[PDB]
Amino acid sequence: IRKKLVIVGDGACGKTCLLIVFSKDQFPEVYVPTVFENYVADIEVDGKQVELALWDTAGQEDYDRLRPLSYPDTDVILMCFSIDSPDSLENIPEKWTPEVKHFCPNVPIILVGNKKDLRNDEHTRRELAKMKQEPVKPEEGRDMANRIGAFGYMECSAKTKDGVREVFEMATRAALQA
Amino acid sequence: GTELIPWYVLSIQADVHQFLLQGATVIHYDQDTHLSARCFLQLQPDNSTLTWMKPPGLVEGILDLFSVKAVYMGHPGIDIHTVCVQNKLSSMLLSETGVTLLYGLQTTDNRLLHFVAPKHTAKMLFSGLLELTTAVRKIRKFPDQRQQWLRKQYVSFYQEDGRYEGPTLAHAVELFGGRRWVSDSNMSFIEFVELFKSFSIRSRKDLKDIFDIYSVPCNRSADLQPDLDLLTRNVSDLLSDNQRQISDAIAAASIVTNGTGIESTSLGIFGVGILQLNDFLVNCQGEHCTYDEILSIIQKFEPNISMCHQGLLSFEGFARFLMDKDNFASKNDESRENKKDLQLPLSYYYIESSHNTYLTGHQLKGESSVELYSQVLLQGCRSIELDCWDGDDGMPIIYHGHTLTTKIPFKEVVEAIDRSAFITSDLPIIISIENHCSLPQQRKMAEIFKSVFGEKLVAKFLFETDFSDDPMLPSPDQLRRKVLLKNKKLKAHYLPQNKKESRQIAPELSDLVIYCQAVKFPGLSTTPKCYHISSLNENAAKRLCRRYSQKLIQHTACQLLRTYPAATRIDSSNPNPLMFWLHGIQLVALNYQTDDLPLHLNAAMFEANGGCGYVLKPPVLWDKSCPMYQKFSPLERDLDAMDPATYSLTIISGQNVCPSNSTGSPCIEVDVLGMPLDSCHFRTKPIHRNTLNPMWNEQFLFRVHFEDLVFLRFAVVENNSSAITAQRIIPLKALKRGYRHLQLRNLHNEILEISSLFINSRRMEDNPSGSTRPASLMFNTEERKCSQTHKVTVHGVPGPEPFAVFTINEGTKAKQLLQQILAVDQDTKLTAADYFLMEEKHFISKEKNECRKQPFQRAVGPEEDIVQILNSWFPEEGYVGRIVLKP
Ligand SMILES: Nc1nc2c(ncn2[C@@H]2O[C@H](COP(=O)(O)OP(=O)(O)OP(=O)(O)O)[C@@H](O)[C@H]2O)c(=O)[nH]1
Ligand SMILES: [Ca+2]
Ligand SMILES: [Mg+2]
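Residues numbered from 1 in each chain as written, not as in the entry; some residues may be left out. Chains lettered and ligands numbered in written order. Heavy atoms only, no water.

For this entry, the PDB record names cryo-EM as the structure determination method and reports a resolution of 3.3 Å.

Okay, structure coming up:
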């Protein structure tokens with residue numbers, strides 16, 4: 001039993017960091033833009049040992065053309081965003097939700113909050129002070145997922161590796177059922 | 001553009017290649033209508049097609065130079081006299097102005113295309129055409145033809161609708177086997193080739209597993225087939241990293257089930273360095289490459305410049321290393337004529353032969369082709385048959401006696417042999433005459449032979465050795481470019497039953513028979529004996545073999561013996577030759593018009609030794625040095641007096657094993673075709689709905705006693721239809737060790753470009769305890785053993801190089817090996833007793849997180865054979881050996 005999933009986000013938000021940490025338990029040191037990556041990992045949930053295949057996407061304009069490569073029918077398609085950037089909270093769910101529905105319906109979605117560790121960092125407040133912004137609140141994270149009709153909401157931290165394993169457990173179980 | 005015959009393959013003179021490209025005015029002659037017209041033939045910008053039209057069908061048509069089999073000048077079919085009167089031209093010589101192109105799509109269809117042009121035009125037209133066909137001749141013998149498949153497919157898309165554009169991604173992906181999918185559009189050839197590569201590297205899981213085991217975490221940042229034709233090799237530069245990532249991305253997403261998804265993690269990339277790659281060649285491949293050669297492989301296969309610079313080999317480099325033409329199973333690929341094997345007498349060689357060359361199909365109702373003699377002789381066949389019966393006008397006509405098959409003039413069949421006898425090969429051809437002709441005509445059958453062949457025909461003993469006390473037939477090398485005919489020679493002082501030749505034979509035709517004096521088989525139960533070449537139908541030879549097997553082997557090793565299918569095979573089928581090849585029979589005549597298994601064995605056997613048609617017989621025969629000379633009885637059902645050489649075969653996976661059938665359930669059947677003691681078949685469990693990259697991973701073990709003559713046969717079979725769709729027959733003696741690719745072929749024994757199989761084949765061996773002797777030692781003659789050599793890599797050798805390969809004899813021991821290592825370093829005074837060879841076993845494993853297990857150590861005691869220990873390393877157990885020198 002092998003499942004399939006696809007992950008999208010706002011770019012430079014931790015889409016690649018989440019997978020490397022989960023599959024390698026090592027936080028990336030040097031950032032490199034990602035075009036298209038495929039990973040395979042094994043996870044046991046509720047006594048079910050199911051192979052998990054991860055499909056990595058990109059949001060850059062030059063890489064927006066080849067998004068349909070990983071779109072075709074899959075058990076689940078996940079969603080990710082940067083908690084530090086309120087912009088990703090609005091545009092990304094609205095940008096990709098019609099795209100996900102159009103390309104492959106009947107695919108449950110999960111909303112994942114990235115960069116949770118630095119949400120309390122002092123540097124974030126100063127940087128967002130110039131732009132008149134604040135870190136994405138937990139309350140709006142759950143509400144946004146409900147607005148786009150998703151399976152649920154979660155938050156992850158690549159550096160601290162806190163809550164990362166939870167998303168896969170919840171995501172994998174949904175794939176087999178329904 | 002997209003030259004169908006690339007520039008790096010052609011060897012045409014610049015001026016000559018321009019003349020064909022620009023065009024010329026020539027007269028097109030049509031034999032069927034027997035009316036010549038004027039035309040203007042031009043060579044298309046792609047060097048494949050020839051097109052002729054009315055100058056500024058008879059005058060409208062197109063020829064595909066990938067179907068031309070040969071080009072002749074002054075083919076007697078052209079009627080220069082008819083052309084001159086039709087075109088009111090002055091006197092012309094056909095041997096100076098005629099051009100012909102024998103082309104066809106099958107071994108039974110051989111058309112003709114006639115062009116006659118002025119003297120000056122003929123030279124350039126023919127000279128250029130010969131080079132174009134020669135390139136076509138080579139391109140269809142290349143082992144790896146992945147690129148030549150893309151050229152045809154791309155150009156076919158280019159001209160499919162009449163609109164000059166490439167194929168869309170949906171079509172490109174589908175053609176390569178990817179998912180049946182929009183965004184992109186017509187793609188240039190480079191973007192098309194660069195997509196196939198991603199499909200051949202991202203669709204092979206089995207090459208990822210063989211990479212994980214031997215990889216190390218070394219970070220990411222610090223006359224043959226021309227290399228430009230080889231898709232995999234790096235020098236085939238004839239796109240930025242951004243495009244390549246897209247190409248791999250789409251390829252890795254289109255594959256369905258078995259695919260090495262494009263994993264890209266920084267600071268966590270693995271590789272196969274110089275030392276790591278060496279451990280892969282020493283144990284699995286068995287290849288022993290020096291430090292420079294191993295490094296040269298790194299510089300030649302690794303795509304990434306960063307990796308290639310720091311002596312690493314990423315997955316693309318390693319995956320592309322196992323798909324190269326140097327990692328194909330058969331050693332017969334790119335095999336050239338070996339002039340040393342062609343020195344023994346002619347009785348010791350298996351000679352390629354055909355039974356009814358003139359017939360093109362059924363042998364009781366069908367056509368007789370004059371040009372099928374040229375088609376067969378181009379394949380390399382070295383023996384042919386002529387059923388000269390009787391001329392209604394007095395000139396003999398060849399056909400199947402007392403049957404409805406069409407009659408062809410004899411004069412045009414002897415000519416057909418001459419124009420194409422020695423085009424491919426140069427070894428002598430033995431012509432067999434079923435001379436059903438009255439005395440008067442045989443005089444007109446002897447003039448034709450001497451008039452046409454002239455010097456090629458043998459009229460008298462050409463070599464002094466033929467006058468010895470007990471002469472033997474001359475070596476095939478001595479008779480190079482010669483023709484010998486065989487039939488009854490004068491003794492100097494409902495099924496048609498037409499086998500009886502003419503009772504009386506002319507004294508002119510018989511005088512031409514020299515080295516093959518056919519006579520009725522005297523028997524084994526009952527001039528020198530080395531000349532008489534009998535001819536026994538399969539039933540008579542098969543019956544003779546079983547009753548007198550041992551007697552026959554010592555008979556056919558001193559005189560030839562021909563065999564042809566039985567008369568009962570009106571279907572025009574073939575007998576299985578392995579029954580006769582074991583006993584030394586040389587001329588096993590076969591029906592080349594029918595393509596069945598018995599004809600693939602003949603093709604498989606004779607593709608070796610350069611394809612000359614003469615393959616030396618196993619040394620157990622014809623050799624008095626072999627300890628098993630007179631004791632070999634192939635028909636015996638059980639011989640427990642020797643230890644066979646156990647063989648292990650593993651069908652790891654296959655790629656595109658069902659061409660044109662995306663949906664299928666292929667299973668590979670491996671049949672060992674040898675004696676009745678070591679012949680067996682195996683079946684791999686079917687894999688459903690997967691032909692792009694099926695992966696069964698079965699293992700098969702078989703023991704072979706007489707390994708000199710055994711033919712493996714891999715045959716893809718769809719369980720849904722139970723119909724073969726790709727087969728390949730290779731001798732076990734010509735099967736490379738280790739992880740090698742096998743190139744499959746279709747039912748007509750034509751090369752499938754993309755289809756192949758990935759197999760692991762290691763020749764194990766049992767330990768000789770003295771009770772019984774190894775099979776290899778017995779059959780293999782003592783003299784041939786001296787020619788055997790082995791290379792062993794020793795680490796820690798003095799000098800900058802981490803290791804070096806030393807060539808040693810089979811019997812070399814550890815004591816000698818120390819002297820060889822210390823022999824090189826004469827500058828430093830070193831004592832042999834100081835050094836001692838040590839054997840290591842590095843317990844590498846797919847798992848890398850855990851700490852490496854300590855390498856096992858041992859001391860190679862003196863007098864212990866060093867080749868023997870090298871054969872004890874089984875990487876299946878998870879360890880890779882090293883012969884390391886230490887103080
Ligand atoms: N400290 C911290 N930084 C994070 C966290 N999540 C994401 N980031 C930042 O986001 C970047 C993630 O970049 P990538 O790993 O390439 O993934 P991406 O955001 O999709 O970027 P692409 O390569 O374009 O796909 C990292 O370099 C981090 O600096 C987090 O949880 N903690
Ligand atoms: Ca005959
Ligand atoms: Mg990324």
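## Section: the site of ligand 1
All names here are of chain A. The condition is simple: In these notes, residues near a molecule or strand are those with any non-hydrogen atom within 4 Å of it. N or O atoms closer than or at 3.5 Å make up a polar contact, with two conditions inside protein: a donor-capable atom paired with an acceptor-capable one, and, for residues adjacent in sequence, both atoms drawn from side chains. Surface exposure here means Shrake-Rupley accessible area, sampled with a 1.4 Å probe, where a residue is shielded only by the protein chains that are shown. Each residue is assigned to one of three groups, with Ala, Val, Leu, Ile, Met, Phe, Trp, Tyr, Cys and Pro labelled nonpolar, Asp, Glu, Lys and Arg labelled charged, and all others, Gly among them, labelled polar.
Not every one of the 17 residues close to ligand 1 is listed here, only the nearest: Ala12, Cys13, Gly14, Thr34 and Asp117. A distance of 3.1 Å separates an oxygen atom of ligand 1 from a polar backbone atom of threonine 16. Here an oxygen atom of ligand 1 and a backbone polar atom of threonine 34 are 2.7 Å apart. In isolation ligand 1 exposes 640 Å². Once the protein is present, 85% of that is buried. For the shell around ligand 1, the residue count by class is eight nonpolar, five polar and four charged.

## Some details on the pairing of strand β28 (residues 790-795) of chain B
All names here are of chain B. Keep this limit in mind: Being paired, for any two strands, means DSSP has found at least two bridges between them. Each helix is a run of H or I in the DSSP string that is no shorter than four residues. Each strand is a run of E no shorter than two, and both are numbered from the N terminus.
Relative to strand β29 (residues 803-808), β28 runs antiparallel, the two being bridged by six bridges. Paired with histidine 795 across the bridge in β29 is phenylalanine 803. Across two bridges, the pairing between β28 and strand β32 (residues 880-886) is parallel. Each residue of the ladder has a partner; that of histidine 795, found in β32, is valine 884.

## Side note on a nonpolar patch on the surface
Basically, it comes down to this: Only residues above 30% relative accessible area that lack a salt bridge enter a patch, with like-charged residues linked at up to 9 Å and the nonpolar side chains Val, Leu, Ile, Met, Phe, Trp and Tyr linked at up to 5 Å. Between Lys or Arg on one side and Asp or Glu on the other, a salt bridge is scored when a side-chain nitrogen of the former is within 4 Å of a carboxyl oxygen of the latter.
Taken together, the side chains of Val30 and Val32 of chain A together with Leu267 of chain B make up a nonpolar region of the molecular surface, amounting to roughly 240 Å² of accessible area. Of note, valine 30 of chain A is situated in the loop between α1 (15-24) and β2 (37-45).

## Remarks on the coordination of the magnesium ion (ligand 3)
Applied cut-off: Each metal site is built from N, O and S donor atoms within 2.8 Å (3.2 Å for Na, K and Ca), and since water is not included, such sites may look incomplete.
Distances from the magnesium ion (ligand 3) to its protein donors, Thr16 of chain A (OG1) and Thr34 of chain A (OG1), fall at 2.0 to 2.2 Å. Here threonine 34 of chain A lies in the loop between α1 and β2 and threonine 16 of chain A lies in helix α1, a separation of 18 residues in the sequence.

## Looking at the environment of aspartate 825 of chain B
Looking at the element boundaries, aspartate 825 of chain B is found in the loop between α24 (814-824) and β30 (836-842). When the C-alpha atoms of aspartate 825 of chain B and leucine 777 of chain B are compared, they prove to be 36 Å apart, with 48 residues separating the residues in sequence.

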